[PDB]
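> coordinates only, sequence not included:
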RNA sequence: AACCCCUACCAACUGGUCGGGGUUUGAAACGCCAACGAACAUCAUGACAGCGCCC
RNA sequence: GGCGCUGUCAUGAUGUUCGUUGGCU
Ligand SMILES: [Mg+2]
């Protein structure tokens, strides 16, 4: 919107006043407006924007801002006091969440608390995707008999001394006989699993660095890490781990688990410092021997500038200055000589970047001091600002280089000696105990994930905490003095956690598999590419593994895209998901056509493999390239190993894994959204119970998870005991509403008389639905149309199907059983279709008794036309009916995906 | 685009024309130039081990 | 010592998606 970027950020309500906010430094906020009655009382000296009363006091005609409307129309901001008192949450749960989170402090006559609470609510839902992926990764690697790190596996409240030997530590168990034997079985399983060579795929969590080769830690650390991951799983989905576990960590966990988290944080931070101080000892030795300056301060800027982010808004590429600087004849041996400079390329480039940055900073500081001494009107812009202005004025690529060459030349004229010397040849991180356990556990969670997921998670968490801290800073100035209850007391120091997460981002990267677990990785690699050898002979080839063998080792074990799918390891399966030549077209077609749509200017992704597989010639068309590589993705059997034609299968390994990676990640992301939906329905059921409504929470599993939708839909019509009374009440209320219509809205009553006699019959039929809508409990299910749709849906639900849907969504069965039913789909046009076809097939496998009628017809449809049925999905999203946006986004193809909106 | 709110005329009001607002809706609060950090793939570059061919 | 390609890493160059800073109307 134009008003938001125009200079207006938020419009808050406290008491009878209105508190606008214009932007401030970073994500913070500054108060600029005070609206009361019909008055204008802008506070700041410099008016960021001007607003005045609009017509009928229904808004503010914002104007005289930085930039105006492109087509010349008034921009009006809604008055929050127009309707009446403070607007309510669409779910109608403002008071209960305010009381739960802020206790009795929150008065309730404000509009800032429930904006802070929703950020915590989004923190609760973001971690679902990443814990789902992390738990699936460990689940796949061993412990596949029944489950590992599940809802009943590990408790992180049992000390390892009390876990290994329950007999000697029976004091805390109150002398129980079943639990001790169950935990003995669990300890047997853990001891068997800890020695598994398959455990090497994960990095610093389990196999730690000692010297040239990784060494497994003691069982204490691994047991603690598994227990903590199981504790995260327990906290998210609900026992000593309630809904407030991660928020209260130090006082809840035993000293041993906190010791393990401190050990991991110390490991990573100390590794960074020791590396960049004495293991990259050449860099520090150059840092000390650079100029006549204090070594400690120089190192303090060097480390803070290199690894962290401080380049900020200086406005130009330093690296291209250094490129022009290297282009000269004096330092040509940097490129000409490859014997010695190759191992110090990064050091040299970083040092040149640092010295340029430091020169610019020092000049800026000196010029700023001079200008502060001088009058403000006459300002010396200095060289960095004149350079920025020159770059801004230019509008040609080559002309930019014409402007840009001179700066490098003159700085070389100034920086001769240090560059000649380079060419010729105070701990900062926050301890290991001051950091909260939340940050360490987030790091441990990221340590199981992929490169992109880490960045997404930490970026979103940082943004949410910045929002929280800015709102907390705004709270006192607007007259709200609500405080934090002891249970939810973690959110007071949101800024500190934000800083810790920023540092984690500065060192949160992938761990990468070990080099000691190669023996099992050969087995999994040969399994993925269609092996068919007998398992006795296959284990024989495994033990003898360490002809085409050498190819497997050298060109397979270390494949970059191999470490992206093995983390989702399904050895026995996963070769039948890219086996039918009707789903490879879709993923390749989509990526090549849309994602790499700018391959017209060079070698694309599919273009490279097409060129190397067709015979290094031919340029027919994109579609012919999509339908030619699929026949090479399909039938990637190991059993074959005219030889040149067979070599294509070796030639196209790196795309196979990419296809499987896309498919699996899309499936798990969709499943994670469905898990988010069910977590939301559970928490909303609990909240509606706490508010004081009529609900049965114990029998929520038995009923088809439709308790919340049934309650929020309004009056009850499923019970056949008093249908006559309900019908009579609705009829009399509709009749009363129709009779007293002129006083309600005279304009409609004026036209009502001219209607025909039968149109009155339709009007009464619709007024019955109108009254049933009036008898509801929610804002979403208050308009008649969605209420009648949901009411029609509710009458046709089968509870066992819903229960199976929920159980298989939570248990992640689809990502573990996809191989069974994927070859019986004729056409695929969206990931939605594939996921849901798998869903109805898994529901197929069980429900074959006592389902005569609608569900029977729908499953008949899946078996025959081999395409997922939209109506079955619409009946299976009934548990999601109290939030209409979510109900649509999880049942309509067009509205599911934000990226996919152009075609629909 | 979905979903809720708002001015002006129409309008069963379960619907529309010129438009605005929404961190308190769903994974979801901001017109260009000029830069920063993460991941994706291609060209060129020296070094590594290898799948096969010639002297 | 060469012909064809694949796979790791470090330097460099170009295009896409998310999120950040300063300037312009
Ligand atoms: Mg929100």
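Everything's here; your move. Numbers count the residues shown, from 1 in each chain, chains lettered A, B, ... in the order given.
> contacts, neighbours, all on C-alpha from now
Noted.
> Neighbours of the closest residue to RNA strand C within the stretch 51-200 of chain A, how many?
Nearest to RNA strand C, among the residues of the stretch 51-200 of chain A, is residue A:67, at 5.1 Å (CA to the nearest atom of the strand). When neighbours are counted by other CA atoms under 10 Å, residue A:67 registers 11.
> swap in residue A:158?
18.
> Over to residue A:190?
19.
> and it, what element?
helix A:178-194 (DSSP states H and E).
> For that helix, name the packing helices and strands.
helix A:160-164 (3 or more CA pairs under 8 Å, 6 or more residues apart in numbering; DSSP states H and E).
> Quick check: buried residues in the helix it packs on?
Buried residues in helix A:160-164, counting neighbours by 16 or more other CA atoms under 10 Å, are found at A:160, A:162, A:163, A:164.
> What of stretch A:861-869?
A:862, A:867, A:868, A:869.
> Which residue ranges of the stretch 501-650 of chain A form helices?
A:518-528, A:535-543, A:549-556, A:562-565, A:584-590, A:605-614, A:622-633, A:643-651 (DSSP state H, counting those that start in this stretch).
> Ok, the stretch 201-350 of chain A next?
A:219-236, A:255-274, A:281-288, A:295-306, A:318-326, A:333-336, A:345-373.
> Kindly report the residues of the stretch 501-650 of chain A close to RNA strand B.
Contact residues (CA under 7 Å from any atom of the strand) of the stretch 501-650 of chain A with RNA strand B: A:547, A:548, A:550, A:551, A:554, A:555, A:561, A:602, A:603, A:604, A:605, A:608.
> Please see if the helix or strand that contains residue A:52 touches RNA strand B.
Here residue A:52, judged by DSSP H and E, is contained in strand A:50-53. No - if you take CA under 7 Å from any atom of the strand as the test, strand A:50-53 misses RNA strand B, and the best it gets is 12.1 Å.
> From residue A:27, how far out is residue A:290?
Distance, residue A:290 to residue A:27, using CA to CA, to the nearest Å: 38 Å.
> correction: residue A:418
The separation that residue A:418 has from residue A:27, given CA to CA, amounts to 40 Å.
> Let me have the helices of the stretch 501-650 of chain A in TSV, extended by mean neighbour count and distance to residue A:475.
Rendered in TSV, the data for these read as follows (neighbours: other CA atoms under 10 Å; distance: least, CA to CA, whole Å):
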stretch	mean neighbour count	distance to residue A:475
helix A:518-528	20	55
helix A:535-543	13	64
helix A:549-556	14	57
helix A:562-565	18	45
helix A:584-590	20	48
helix A:605-614	17	52
helix A:622-633	17	57
helix A:643-651	13	62
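> Out of the ones you listed, flag the one nearest residue A:47.
When the helices of the stretch 501-650 of chain A are compared by CA to CA, helix A:584-590 sits nearest residue A:47, at 49.1 Å.
> so does that closest one get close to RNA strand C?
No - using CA under 7 Å from any atom of the strand, helix A:584-590 never reaches RNA strand C; the gap is at least 12.3 Å.
> repeat for stretch A:417-434
No - Stretch A:417-434 does not reach RNA strand C (CA under 7 Å from any atom of the strand); its nearest approach is 14.3 Å.
> what's the span of that stretch, first residue to last?
First residue to last in stretch A:417-434 (CA to CA) measures 43 Å.
> now swap in stretch A:742-754 and tell me
14 Å.
> Quick one: residues in contact with it.
Here stretch A:742-754 makes contact (CA atoms under 8 Å, 6 or more residues apart in numbering) with residue A:741.
> Need the helices of the stretch 501-650 of chain A in JSON lines (columns: distance to residue A:38).
Listed next are the helices of the stretch 501-650 of chain A as JSON lines, based on distance: least, CA to CA, whole Å:
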{"stretch": "helix A:518-528", "distance to residue A:38": "72"}
{"stretch": "helix A:535-543", "distance to residue A:38": "83"}
{"stretch": "helix A:549-556", "distance to residue A:38": "74"}
{"stretch": "helix A:562-565", "distance to residue A:38": "61"}
{"stretch": "helix A:584-590", "distance to residue A:38": "56"}
{"stretch": "helix A:605-614", "distance to residue A:38": "63"}
{"stretch": "helix A:622-633", "distance to residue A:38": "64"}
{"stretch": "helix A:643-651", "distance to residue A:38": "75"}
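> wait, which of those is closest to residue A:487?
helix A:562-565 (39.1 Å).
> what residues does the stretch 351-500 of chain A put near RNA strand C?
Going by CA under 7 Å from any atom of the strand, the residues of the stretch 351-500 of chain A near RNA strand C are A:456, A:459, A:463.
> coming back round to it: so which of the helices of the stretch 501-650 of chain A comes closest to residue A:262?
Closest to residue A:262 of those, according to CA to CA: helix A:562-565, at 27.7 Å.
> and chain A, what are its domains?
What automatic domain parsing lists as the domains of chain A is A:2-87, A:119-272+A:436-507, A:290-424, A:701-707+A:776-904.
> In a markdown table: the ones you listed, plus distance to residue A:677.
Below are the domains of chain A laid out as a markdown table (distance: least, CA to CA, whole Å):
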| stretch | distance to residue A:677 |
| --- | --- |
| domain A:2-87 | 25 |
| domain A:119-272+A:436-507 | 9 |
| domain A:290-424 | 37 |
| domain A:701-707+A:776-904 | 7 |
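> Show me where the stretch 651-800 of chain A has its strands.
In order along the chain, the stretch 651-800 of chain A carries no strands (DSSP state E, counting those that start in this stretch).
> Around RNA strand B, which positions in it sit nearby?
Neighbours of RNA strand B within the stretch 651-800 of chain A, by CA under 7 Å from any atom of the strand: A:673, A:676-677, A:738, A:741, A:745, A:747-748, A:751-752, A:763, A:766-767, A:769-770, A:780, A:783-785.
> Ok, the stretch 51-200 of chain A next?
So the stretch 51-200 of chain A meets RNA strand B at A:55-56, A:58-59, A:73-78, A:83, A:87-91, A:111, A:114-115, A:118-119, A:122 (CA under 7 Å from any atom of the strand).
> In strands, which of those fall?
A:59, A:75, A:76, A:77, A:78 (DSSP state E).
> Would you mind checking which of those residues is nearest to residue A:723?
For these, the nearest to residue A:723 is residue A:78 (44.5 Å; CA to CA).
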